[PDB]
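Asker: Okay, handing you the structure first.
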Protein chains: 2
Amino acid sequence: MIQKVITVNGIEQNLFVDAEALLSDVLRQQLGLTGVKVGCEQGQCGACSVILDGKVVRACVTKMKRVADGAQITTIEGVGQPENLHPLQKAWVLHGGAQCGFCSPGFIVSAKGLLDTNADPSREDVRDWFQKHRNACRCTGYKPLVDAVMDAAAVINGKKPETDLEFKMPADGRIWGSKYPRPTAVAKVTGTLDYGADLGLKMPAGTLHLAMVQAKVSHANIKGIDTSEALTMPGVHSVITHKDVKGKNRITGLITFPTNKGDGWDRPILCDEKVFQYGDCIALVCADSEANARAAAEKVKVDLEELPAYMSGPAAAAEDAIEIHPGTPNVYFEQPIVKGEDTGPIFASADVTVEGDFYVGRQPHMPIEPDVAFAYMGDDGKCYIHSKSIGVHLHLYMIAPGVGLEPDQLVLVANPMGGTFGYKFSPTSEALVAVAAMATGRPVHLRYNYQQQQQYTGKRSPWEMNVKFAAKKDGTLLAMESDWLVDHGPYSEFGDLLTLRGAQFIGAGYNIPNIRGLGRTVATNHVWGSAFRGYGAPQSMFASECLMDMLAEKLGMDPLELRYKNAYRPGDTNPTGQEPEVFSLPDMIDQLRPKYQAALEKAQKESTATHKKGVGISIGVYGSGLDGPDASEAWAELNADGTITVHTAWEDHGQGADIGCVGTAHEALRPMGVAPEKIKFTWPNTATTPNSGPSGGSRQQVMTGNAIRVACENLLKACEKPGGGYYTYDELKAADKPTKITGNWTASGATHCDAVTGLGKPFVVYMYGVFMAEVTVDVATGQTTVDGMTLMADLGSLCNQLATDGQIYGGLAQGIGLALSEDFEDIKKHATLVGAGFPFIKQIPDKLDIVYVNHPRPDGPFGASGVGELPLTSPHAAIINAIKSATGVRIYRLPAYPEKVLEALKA
Amino acid sequence: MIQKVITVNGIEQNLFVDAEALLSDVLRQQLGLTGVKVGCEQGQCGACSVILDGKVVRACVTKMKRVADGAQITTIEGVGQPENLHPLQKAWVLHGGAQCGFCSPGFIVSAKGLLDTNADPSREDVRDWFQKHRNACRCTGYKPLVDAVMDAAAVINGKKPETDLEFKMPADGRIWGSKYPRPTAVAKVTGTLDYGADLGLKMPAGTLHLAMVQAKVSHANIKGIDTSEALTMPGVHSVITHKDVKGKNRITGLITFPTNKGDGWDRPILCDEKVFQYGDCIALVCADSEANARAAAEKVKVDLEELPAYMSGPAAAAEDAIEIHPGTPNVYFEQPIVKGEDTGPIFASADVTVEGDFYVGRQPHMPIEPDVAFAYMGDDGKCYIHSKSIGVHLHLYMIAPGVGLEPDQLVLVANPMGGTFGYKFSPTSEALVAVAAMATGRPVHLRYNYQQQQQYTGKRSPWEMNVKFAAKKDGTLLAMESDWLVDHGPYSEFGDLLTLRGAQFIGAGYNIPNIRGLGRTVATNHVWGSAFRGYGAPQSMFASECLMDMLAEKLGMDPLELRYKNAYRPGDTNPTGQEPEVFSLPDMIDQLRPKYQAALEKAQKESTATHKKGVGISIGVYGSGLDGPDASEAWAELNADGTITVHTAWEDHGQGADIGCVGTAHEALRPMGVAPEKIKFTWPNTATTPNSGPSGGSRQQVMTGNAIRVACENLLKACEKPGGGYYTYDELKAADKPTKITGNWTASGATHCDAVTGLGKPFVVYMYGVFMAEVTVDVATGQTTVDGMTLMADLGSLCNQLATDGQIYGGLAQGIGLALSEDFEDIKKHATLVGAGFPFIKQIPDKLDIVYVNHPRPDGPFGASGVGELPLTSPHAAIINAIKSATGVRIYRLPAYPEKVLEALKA
Ligand code: PCD
Ligand code: PCD
Ligand SMILES: O=Cc1ccccc1
Ligand SMILES: O=Cc1ccccc1
Ligand SMILES: O=Cc1ccccc1
Ligand SMILES: O=Cc1ccccc1
Ligand code: FES
Ligand code: FES
Ligand code: FES
Ligand code: FES
Ligand SMILES: [Cl-]
Ligand SMILES: [Cl-]
Ligand SMILES: [Cl-]
Ligand SMILES: [Cl-]
Ligand SMILES: [Mg+2]
Ligand SMILES: [Mg+2]
Ligand SMILES: [Mg+2]
Ligand SMILES: [Mg+2]
Ligand SMILES: [Mg+2]
Ligand SMILES: [Mg+2]
Ligand SMILES: [Mg+2]
Ligand SMILES: [Mg+2]
């Protein structure tokens, strides 16, 4: 051990440390500076950036031996605090740079380091700095972060006043549609919002820390578990196995379709008879620290009989493949789509037909914050779980039978969280921590490392797809045929539903009167399927939007004009036979057209012999809602202090549940003149907030926004004074009148798609957009650079533009990853950010352009649709279409790795 | 467990706590708010004061179940921080209220609570508030704290500007003699100085926490130790016993006098064959937490044979008493005093003689911070100990043979500390933590609770005394006889030396030509003797200063005039035959006289039938130095940045080592124009600071101040430019000239007192003072209230008036305790602050008056003497003399408990 006397955030510290200890652990654990965020733990994400003697360093890869006596360290807590914000922190708030906020401290500390060395950077300088310092963001697409640095720099330089970093209220007092900052931004930019790992450090001494004993093969029969060496190891309390589970030890899919061949009870909590994928949790070590639990987990011995594993859909779907879940066929679900007339004769007599085989793979969510949860037995006898769940009520019912609790005896709460992008539509750690809390009686905390986040959370499910179009010479679509095979890994939850998305979205955007197709879901031993932003559309629309360009090429038609010819107009129906609710695609195409033509001309002019430029187009469409007559609930409550609490379970991945609540409520409450800072939101809690539903399917703004609207309208009615005006809280209480008022809303016009035909009216609101990608391909290396992305977006009406702009930039950036670099195929190689192709800042162009072409929705609150998944529906199709524009080669199977492009260029 | 969402220092906290947990532990351990200081843990000291929903509460006695959802909590960290001080914090700094600083956060938070309820308090209101809220201070005597509250209130009230709370530099730029604030004040008042327990919370995960297995009888032979149940308990690493000690397992007294009958090796580190006092450490449990270590220590079983214990000096000194240390007589040392002619004939022929039997007891130091230390093995192979040692070099040599290390392989460091008042002149926990660090190889931390602080740290040693005077009718002293018996408990360290203090100080202040006396030191089974501020003078001078009043009464002379007649004047010698170095007692008496006469007249006027007022006088004298030719060393170093570091081992109990260094160096460096903020001090460290010696004997200002002066003079010489002016650092380094310069100083005129006669010249500088106490006795109850204290003080020259004023107020307050309420006699009843008679604010008058009558010392730096122990030399004699003035009764045996006074009143 050594004494080191240093200065931390301006205060001399008399530190006692191990020279080998990591600076991140010293700062977080010894000094309580949990504003130093840790994600990857491998020097790849920048979340743990600190200033050490004038240099920006990653604290997770800096050992204390590198910190000299008299060193100066700055963390986010030294940059500024809530009543004392630095210009960078104010700028982050103003520009909406904190979505989940998990990267915000590290970017802000890194940016201070930049500005202390280069006071007036160019945008390019800012991007180069964040590239060099590995500052990674999965939410924002980087552009808002660069905007904030530039604004802060201008203030620090005396070029503009610091007051201009503070939001100015619009003259009408309307925050709906404005850039009003989100309520959580200040806590995020100051490192004073505690995420799950932060909470773990601040739990009491009695808390047990868990480590998973995980399968290191993909498929096996389990013979036994020997915990004896582990029990003797330092700090070890006990080891938990399936024998300690008090219920069924299975998670239920809950809404398993009747025509699914499986019962939906296939997923274990702790493996008992079998390993179904690499990473499966077989046991939990409980210890006094994460480090001691992990060390002991390595010594737990699992005796198993390895079985042949099926590592892709086609392999598992083979007629003679062995059943992974004995008694259920590996191909456990099929969804037909049968619209209009038989397609065979139409293809036979059409002027033109095209066909393609396409593949979109096992995209990894890669939030900067790895999964984390905790649980405890309450003083009331209930089991409480605090996790990254984005569907607290959903998960309660998915896990309660398995853990052996009645629903009223379990409470799920959503912690502040550092992104999910859908993986938290699935249970991950909730049942594990519940079992351990119940077994021990003690609080328990489980933190996944980044390799566990990659290997042992769910993934986008790969689809193998064949799609065909028949058309007239003038480009009019006549018919489509489609076939898709969905590799869902071993756990069925929502896999049938995902497969149904192919019936809804392959070919969406156009009038297609005659469709015949079939989707099939297959269990495999690769990673189980969890929702990933777009949930079936990125697969579906990659196929159909690439195929539209192939059709245009075969006709000798411009691909934007081919889309214009076929795009939804009044009278048309979508693939499920439903009329669209608005018709904005022609408007968007007309507004894009001159920008597209200019981009084509630029690409021609700026191409060289070696660096070929191209432009690609695609359309995107997706529903806002869960299928059928989805619903939500909110409670609007006047508090004694005159503030209003809007109670919901709107789960915040980081997309903006807070600002969606406040902005929607503000608009609904305008007749009573309620200031936005007087409106409070509630963190999701199954005991004390209504069942607003999960934050999946780009649904909350529509469903919960409408419920908030209705609740607020009902509160206005409850407060109305006879003769005009409104009663105060005191007046209502004096009259024994209610002050907490419910509102509900249901998408009553919606119907579920039919099991035989696929037809129905599954959503009452959709999101519509048109993408343009501009790319350069180095034809010597096959490397593609995306130089610009544009999204024409119809969101109906914006609740908050900082929120929607950010959602779109983030989705576009994930689209660039999906197109060019990302996968989770190799269990070890793809288990790091860099290994799996995470997009760092230079991969994302500074030119991300949005044009709102908003057509108010009949059923949306104040006309709003959702936004969340729109920007990931098909940006990757536009990008691949741009590669084809540039070079003549079409990549059919994502991602477009350089060697793959090269092989195609040279063929 | 329960979730509680509250606001702490203005920031919303999502807390997870046990409802039974103490708020102090939650704040310190879970939230890292180590500015919430914990001392007593029993609700008696206020150090842990926090604001909870507008009320000031003691966090150590507030369980989390009392903290509601939505509560607001403020700790010192929320009051203000170093670059953002609250008016209360600025006022504390300006008024010198932070000496050790351990109480400062709690007083400041409590004071904010006061001012938030009463914006313009009277001084009386402030005192009532601190009484009610149990805010205890052992250093300051409270008056500076009240001063600071009043000043802050005036600023908060808009009555004066906040800039007036900032120190204004004197026009001459001289900080010597000024009220310049001490360097450590800001850290103290913001809770950002880490004391030993604070450091323990910030040590790494590998650190083992210790608990002592202690004797629960006063005397025994040990048969065995059974650790088997303890080893099975939660978090337990191991149990350490004498078998794990690698050296002699004894602490050496190091300077044991040759005529001591014992070898000075009597004290064990871990008891092996015997228990010698209640509390003796027999074993150490090492565990993952203090709580788990303590729980397991309760289960360690010690098999012993209890022996009859001798619980007082007279009991142990009986001719037939059994030897506590077999082979050494319990009366192990005698010191004669033989000055001038045989006293028997002089007593026989004197006009007047008086005699008394007096007792001063086992006063407990009662710092607000209980003892704490830690140790570790360095990366360099050495064992490092960080403790409350106020003699780091001394303790190294006292413990190294016992722990089994050569001196170069052990390093002792003084942590910031919350007071000692001398108990840390002894080793307490240093050898214990060293043994455990060496045995385990791991860092170890040991925190005493308050009962352990009381029972198992050393104490003022009781003296049973008989003193006699012979005098002429005109009051001229002719002769003195003296006998004293010193109860030193079982451990001999410095007990012989303490006994020699009786030869030096009984009767000090007056010319006494003929003295015959004998002191004896006796081992007992009550608590071992450690220095307590005054170290023999409070005992000695209680006897002689009470006896002077008895002589005055017998002569019918005024007691101030009797002292005036006999006080040192040129030609006189002190009891050891040495000439005083200055002669300030007549000056001080002459300046006090009219104040004394006015006080007498007030007492007569304001007395009532039931409440009798009186006035008492005493003189105090004490040396500044260790006996003989004491010495010190300092290094003055010009740093590259132009600051100057003055390297010393001046140990800071809280008295002001920091400001003594800076002020002395500033004065010495004036020719070079060095600003005070450019002068740095060093925390004591045996490896990297010179052997400046211990902070005992009121010596550091004289010894180390002179060494600092000499070092700085030598640095000036090293920097002098030919032709005038001074070279910069860069110029000196360019010329390869030295920049770190040594200075040494020795008290060359001093000699040790003779073993046969007691004569010598033990100190070259003394401190001189005259006390006046004003009291009221309720004759129905026997309760005494001290209404005022005055000290006339000759300190030569003041280094810093905030420091000296504070030292005097603190010593006067300890004198009130010693006179009226304090003891450690009952092992259990006296093991709490309240039980042992700690003086809370209402016991200490607001009227504490100092008059400096400074006579520059020939050998002091810039003429300075010490101050530390002067104010505790005889204030308790003045108080008892005042009780006699008021009521006619004399208390001979301290303390003057109400029942004791009543019995005397009614006899
Ligand atoms: N018009 C409009 C719309 C919208 N908005 C906004 O925006 C947001 C969003 O919304 P939406 O769309 O409704 O959504 P939500 O439901 O809330 O959420 C969800 C999503 O969200 C997204 N985004 C995001 N972001 C971020 N940052 N992070 C994340 O993680 C995430 N995730 C993702 C996903 S995946 Mo799934 O589960 O797969 O189906 S679905 C999803 C919010 O804040 C709101 O409010 C506005 O403003 N306006
Ligand atoms: N002239 C003069 C003198 C002095 N000063 C200051 O004052 C202080 C003190 O000093 P001195 O006297 O020199 O002393 P020191 O050595 O440093 O110290 C010690 C002491 O100190 C005291 N004080 C105090 N305070 C406080 N706060 N706390 C404490 O704990 C204490 N402790 C106590 C004791 S006890 Mo023995 O060990 O028994 O012998 S001794 C003693 C310092 O700060 C200095 O600098 C000045 O200013 N001036
Ligand atoms: O309410 C949660 C849920 C989840 C999946 C489908 C439908 C509803
Ligand atoms: O966005 C994720 C999701 C998951 C299940 C159903 C609908 C949406
Ligand atoms: O240097 C420490 C010391 C201690 C007691 C007496 C003499 C010196
Ligand atoms: O003030 C404490 C002390 C102890 C030993 C020798 C001199 C002084
Ligand atoms: S770079 Fe340190 S946590 Fe990712
Ligand atoms: S805001 Fe950057 S990772 Fe979420
Ligand atoms: S009153 Fe709480 S530590 Fe003393
Ligand atoms: S300053 Fe108050 S206890 Fe030391
Ligand atoms: Cl391909
Ligand atoms: Cl490649
Ligand atoms: Cl008595
Ligand atoms: Cl009494
Ligand atoms: Mg500022
Ligand atoms: Mg089944
Ligand atoms: Mg038509
Ligand atoms: Mg590969
Ligand atoms: Mg202020
Ligand atoms: Mg011996
Ligand atoms: Mg004379
Ligand atoms: Mg008694």
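Determination method: X-ray crystallography, 1.5 Å.
Backbone N, Cα and C define each Cβ position, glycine as well.
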Asker: Given Swiss-Prot annotates B:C40, B:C45, B:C48 as [2Fe-2S] cluster 1-binding, which of B:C60, B:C100 belongs to that site as well?
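Answerer: Record check against Swiss-Prot: [2Fe-2S] cluster 1 site with B:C40, B:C45, B:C48, extra candidate from B:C60, B:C100 is B:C60.
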Asker: Where B:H653 (Mo-molybdopterin cytosine dinucleotide binding site) and B:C103 ([2Fe-2S] cluster 2 binding site) are concerned, what is their Cα separation in Å, rounded?
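Answerer: Cα to Cα, B:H653 (Mo-molybdopterin cytosine dinucleotide binding site) and B:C103 ([2Fe-2S] cluster 2 binding site) are separated by 14 Å.
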Asker: Given the [2Fe-2S] cluster 2 site residues B:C100, B:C103, B:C137, B:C139, which other residues of that chain have a Cβ within 8 Å of the mean position of their Cβ atoms, reported in sequence order?
Answerer: B:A98, B:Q99, B:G101, B:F102, B:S104, B:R138, B:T140, B:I368, B:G418, B:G419, B:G654, B:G810
Asker: Taking the mean position of the Cβ atoms of B:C40, B:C45, B:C48, B:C60 as the [2Fe-2S] cluster 1 site, which residues outside that list, in the same chain, have a Cβ no more than 8 Å away, listed in sequence order?
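Answerer: Other same-chain residues with Cβ inside the cutoff are B:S24, B:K37, B:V38, B:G39, B:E41, B:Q42, B:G43, B:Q44, B:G46, B:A47, B:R58, B:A59, B:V61, B:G106.
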Asker: Nearest to B:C48 ([2Fe-2S] cluster 1 binding site) by Cα distance: which of the binding-site residues B:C100, B:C103, B:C137, B:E869 is it?
Answerer: B:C103
Asker: Near B:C60 ([2Fe-2S] cluster 1 binding site), which residues of its own chain have a C-beta under 8 A away, given they sit six or more steps off in sequence?
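Answerer: For B:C60 ([2Fe-2S] cluster 1 binding site), the qualifying residues are B:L22, B:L23, B:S24, B:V38, B:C40, B:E41, B:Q42, B:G43, B:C48.
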Asker: DSSP says what for the domain '2Fe-2S ferredoxin-type' (B:2-79): how many helix, strand, coil residues?
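Answerer: Taking the domain '2Fe-2S ferredoxin-type' (B:2-79) as a whole: 18 helix, 27 strand, 33 coil.
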Asker: Taking the Cβ of B:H653 (Mo-molybdopterin cytosine dinucleotide binding site) as the centre, how many other Cβ atoms fall within a 10 Å radius?
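Answerer: Other Cβ atoms within 10 Å of B:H653 (Mo-molybdopterin cytosine dinucleotide binding site): 26.
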Asker: Determine the Cβ neighbour count for B:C137 ([2Fe-2S] cluster 2 binding site): the number of other Cβ atoms within 10 Å of its Cβ.
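Answerer: Around B:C137 ([2Fe-2S] cluster 2 binding site), other Cβ atoms within 10 Å: 30.
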Asker: With H, G and I counted as helix, E and B as strand and the rest as coil, say where DSSP puts B:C139 ([2Fe-2S] cluster 2 binding site).
Answerer: coil
Asker: Near ligand 10, which of the binding-site residues show up if the criterion is a Cβ under 6 Å from one of its atoms? Options: B:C40, B:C100, B:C103, B:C139.
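Answerer: Among the binding-site residues listed, those whose Cβ sits under 6 Å from ligand 10 are B:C100, B:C103, B:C139.
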Asker: In whole Å, how far is B:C45 ([2Fe-2S] cluster 1 binding site) from B:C103 ([2Fe-2S] cluster 2 binding site) when you measure between their Cα atoms?
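Answerer: About 8 Å separate the Cα atoms of these two residues.
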Asker: Measuring Cα to Cα, how far is B:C100 ([2Fe-2S] cluster 2 binding site) from B:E869 (Mo-molybdopterin cytosine dinucleotide binding site) in Å?
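Answerer: Per the Cα atoms, B:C100 ([2Fe-2S] cluster 2 binding site) and B:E869 (Mo-molybdopterin cytosine dinucleotide binding site) stand 16 Å apart.
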Asker: Sequence gap of 6 or more, C-beta under 8 Å: which same-chain residues meet both conditions with respect to B:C139 ([2Fe-2S] cluster 2 binding site)?
Answerer: B:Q99, B:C100, B:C103, B:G419, B:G654, B:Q655, B:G806, B:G810
Asker: Counting only residues 6+ apart in the same chain, whose Cβ is under 8 Å from the Cβ of B:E869 (Mo-molybdopterin cytosine dinucleotide binding site)?
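Answerer: Counting only residues 6 or more apart in sequence, the Cβ neighbours of B:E869 (Mo-molybdopterin cytosine dinucleotide binding site) under 8 Å are B:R533, B:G534, B:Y535, B:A537, B:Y622, B:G697, B:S698, B:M767, B:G811.
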